[PDB]
Trainee: 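What follows is a structure written as structure tokens; I'll ask about it next.
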Amino acid sequence: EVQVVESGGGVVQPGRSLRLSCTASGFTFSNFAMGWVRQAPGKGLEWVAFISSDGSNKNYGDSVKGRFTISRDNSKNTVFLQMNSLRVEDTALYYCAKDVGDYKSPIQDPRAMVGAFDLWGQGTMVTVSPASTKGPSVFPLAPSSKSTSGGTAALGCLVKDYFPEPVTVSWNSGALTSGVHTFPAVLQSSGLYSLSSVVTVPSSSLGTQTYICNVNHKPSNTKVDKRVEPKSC
Amino acid sequence: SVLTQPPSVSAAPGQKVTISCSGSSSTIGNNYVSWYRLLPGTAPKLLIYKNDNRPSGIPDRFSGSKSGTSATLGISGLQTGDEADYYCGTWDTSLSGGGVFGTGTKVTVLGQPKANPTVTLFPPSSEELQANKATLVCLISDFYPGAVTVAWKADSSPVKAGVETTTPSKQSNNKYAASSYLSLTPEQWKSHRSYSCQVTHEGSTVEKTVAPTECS
């Protein structure tokens, strides 16, 4: 069967270069255009680069012009993406993809460029950050000052500016699990991650029960316990 | 450069859904439209190309069409494995750059009751402000289908810069949650009368507002 496999991804500092490779098998490689497409977590699909069967005709997505170069070696069934002058914003999963091609106006026309990809790889991840390992700063998300009677109240902690992933969070050392949700992280333009954790609790408990979020960041050997209390106003 | 899609479409198992893709004559009008499915931990998959052609192996419950400035993907016989994100795409060869993809649509195969989100908007903590930073945190929970749109306002004006929003994540009760952040300077925070988080879900928008001058 037709297959495509990327490699070369990793964590790299801004300014530096990285070369991704894609090897194809199971079809006549020289009869099809190939391309690279990327997707950053929480964002959409973005065209990176495209190259004709013979390697002569190339094009690039606007965000990468003059920094990335695509090439292929038809004797080795390989496509390359040379990435220069990397930015935090180039952080993404990078897919190698095969153009669907088309016939001669049934025989295969190697000059075809359809721009529709009928075979994609699983992708290789590229993360761009200037950061060294760094433990988080934890800030409280205090319950509403209007939750003074009954009902329920959301409270949380904002876990900011750590690297690399992951952080895990518990509440009251694991005593509190119902109504707890810890969100996926966001990569900031700084190249550091942030996330939030929230718990919903009875409003009547806010004056009597202590709530502490316990943050664990093993990469930096850091744990933080942050008491989240009602606001004074 | 923008192919617009609805953020969410849904139906019960066995029913049919359609997903629209809207653009202009420069893109959709003149060029072929393709459609893709993607699902985390899988390679994306081509469903339709050249407006309405199925590549080998794609069954006929998938269809495509195009008229004027909008194109459409149809999926009949909806089944659980169809829950994924769908993207249209086209390539305008009359410009030097590459192709474009649409804004994306989550298709949900309805398996539980619809649930409207609870929205909680946290102003910057005094602690964070003392650290010379300011993050508004909009936490959105207990909704289904698991797709929302989030927009921010400063006073009455839309804000685009400084916004980050996470993809909805399954909760332990099997509903979904999402988070959105608006990063400001302490000056910006104190400079406005209010800020609002607006969350749109299935025909409802819920807006929460906070103010530097009030105890939320």
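Note that these values count all heavy atoms, side chains included, but never hydrogens, waters or copies made by symmetry. Chain identifiers are assigned alphabetically (A, B, ...) following the order of the sequence lines, protein sequences preceding nucleic acid strands; residue numbering begins at 1 within each chain.
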Trainee: Under a 4.5 Å heavy-atom cutoff, which of A:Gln39, A:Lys65, A:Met113 has the most pairs with chain B?
Mentor: A:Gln39
Trainee: Given heavy-atom pairs under 4.5 angstrom as the criterion, report whether the side chain, backbone, both or neither of A:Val228 touches chain B.
Mentor: neither
Trainee: Begin with the C-alpha distance, continue with both residues' side-chain angles, and end with the deciding distance and a verdict on ring pair (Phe, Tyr, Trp, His ring centres under 6.0 Å) for A:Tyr60 and A:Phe68.
Mentor: CA-CA 8 Å; A:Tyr60 295 93; A:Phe68 293 13; 8.2 Å; no
Trainee: Can the ring centres of A:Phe80 and A:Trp36 be said to be less than 6.0 Å apart?
Mentor: no
Trainee: If I measure from the heavy atoms of chain B, does A:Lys226 come under 4.5 Å with its side chain, its backbone, both, or neither?
Mentor: side chain
Trainee: Using a cut-off of under 4.5 Å for heavy-atom pairs, which of B:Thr103, B:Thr90, B:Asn31, B:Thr42 has the most such pairs with chain A?
Mentor: B:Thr42
Trainee: With only heavy atoms counted, which part of A:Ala142 is less than 4.5 Å from chain B, the side chain, the backbone, both or neither?
Mentor: backbone
Trainee: Can you tell me which portion of B:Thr135 sits under 4.5 Å from chain A's heavy atoms? Options are side chain, backbone, both or neither.
Mentor: side chain
Trainee: Less than 4.5 Å to any heavy atom of chain A: does that hold for the side chain of B:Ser179, its backbone, both, or neither?
Mentor: both
Trainee: Tell me, side chain or backbone of A:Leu155 under 4.5 Å from chain B's heavy atoms, or both, or neither?
Mentor: backbone
Trainee: Do you know which of B:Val33, B:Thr165, B:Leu38 has the most heavy-atom pairs with chain A at a distance under 4.5 angstrom?
Mentor: B:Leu38
Trainee: When you measure from the side chain of B:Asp155 to the backbone N and O of B:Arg193, does any donor-acceptor pair fall under 3.5 Å?
Mentor: yes
Trainee: Between A:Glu46 and chain B, which part of the residue has a heavy atom less than 4.5 Å away: side chain, backbone, both or neither?
Mentor: backbone
Trainee: Assign the ring pair B:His201 / B:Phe143 to parallel, tilted or perpendicular, where the plane angle (0 to 90°) is split at 30° and 60°.
Mentor: perpendicular
Trainee: Heavy-atom distances under 4.5 Å only: say whether B:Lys170 touches chain A with side chain, backbone, both or neither.
Mentor: backbone
Trainee: How about B:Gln112: does its CD atom have over 12 heavy atoms from other parts shown lying under 6.0 Å from it?
Mentor: yes
Trainee: Determine whether A:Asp54 and A:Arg111 satisfy the following criterion, salt bridge (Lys or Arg N to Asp or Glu O under 4.0 Å), listing intermediate values before the conclusion.
Mentor: CA-CA 8 Å; A:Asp54 50 30; A:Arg111 306 168 310 163; over 6 Å; no
Trainee: Show the nearest heavy-atom pair for residues B:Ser141 and B:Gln171, with the distance to one decimal.
Mentor: CB-OE1, 3.2 Å
Trainee: Looking at A:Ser145, A:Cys233, A:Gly115, A:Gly42, which makes the most heavy-atom pairs under 4.5 Å with chain B?
Mentor: A:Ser145
Trainee: By a 4.5 Å heavy-atom criterion (distance strictly below it), what part of A:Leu158 contacts chain B: side chain, backbone, both, or neither?
Mentor: side chain
Trainee: Out of A:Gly61, A:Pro140, A:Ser137, return the one with the most heavy atom pairs under 4.5 angstrom to chain B.
Mentor: A:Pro140
Trainee: For B:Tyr36 together with B:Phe101, are the ring centres under 6.0 Å from each other?
Mentor: yes
Trainee: Of the listed residues (B:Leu139, B:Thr167, B:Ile58, B:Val100), which shares the most heavy-atom pairs with chain A below a 4.5 Å separation?
Mentor: B:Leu139
Trainee: Which atoms of B:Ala178 are under 4.5 Å from chain A, going by heavy atoms: the side chain, the backbone, both sets, or neither?
Mentor: backbone
Trainee: Based on non-hydrogen pairs under 4.5 Å, which of B:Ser125, B:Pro55, B:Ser34, B:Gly99 is most in contact with chain A?
Mentor: B:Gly99
Trainee: Rounded to the nearest 0.5 Å, what separates atom CD1 in B:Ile75 from atom OG1 in B:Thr18?
Mentor: 9.0 Å
Trainee: Kindly give the heavy-atom pair with the smallest separation between A:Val4 and A:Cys96, and that separation in Å.
Mentor: CG1-O, 3.7 Å
Trainee: What part of A:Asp62 gets closer than 4.5 Å to chain B, counting heavy atoms only: side chain, backbone, both or neither?
Mentor: side chain
Trainee: Of the backbone (N, CA, C, O) and the side chain (C-beta and beyond), which part of A:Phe117 lies under 4.5 Å from a heavy atom of chain B, both, or neither?
Mentor: both
Trainee: Which one wins on heavy-atom pair count under 4.5 Å against chain B: A:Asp118, A:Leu93, A:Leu141?
Mentor: A:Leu141
Trainee: Assess whether atom NZ of B:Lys106 is packed by more than 12 heavy atoms of other residues, nucleotides or ligands within 6.0 Å.
Mentor: yes
Trainee: Who among A:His181, A:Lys231, A:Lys146 has the most heavy-atom pairs with chain B under 4.5 Å?
Mentor: A:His181
Trainee: Take a 6.0 Å sphere around NZ of B:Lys50 and say whether it holds more than 12 heavy atoms from other residues, nucleotides or ligands.
Mentor: yes
Trainee: Which region of A:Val37, side chain (C-beta onward) or backbone (N, CA, C, O), has a non-hydrogen atom less than 4.5 Å from a non-hydrogen atom of chain B, or is it both or neither?
Mentor: side chain
Trainee: Does the ring of A:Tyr162 carry A:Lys134 above it, NZ/CZ under 6.0 angstrom from centre and within 45° of its axis?
Mentor: no
Trainee: So, do B:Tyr32 and B:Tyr49 have ring centers that fall under 6.0 Å from each other?
Mentor: no
Trainee: Using a cut-off of under 4.5 Å for heavy-atom pairs, which of B:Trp35, B:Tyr87, B:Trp91 has the most such pairs with chain A?
Mentor: B:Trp91
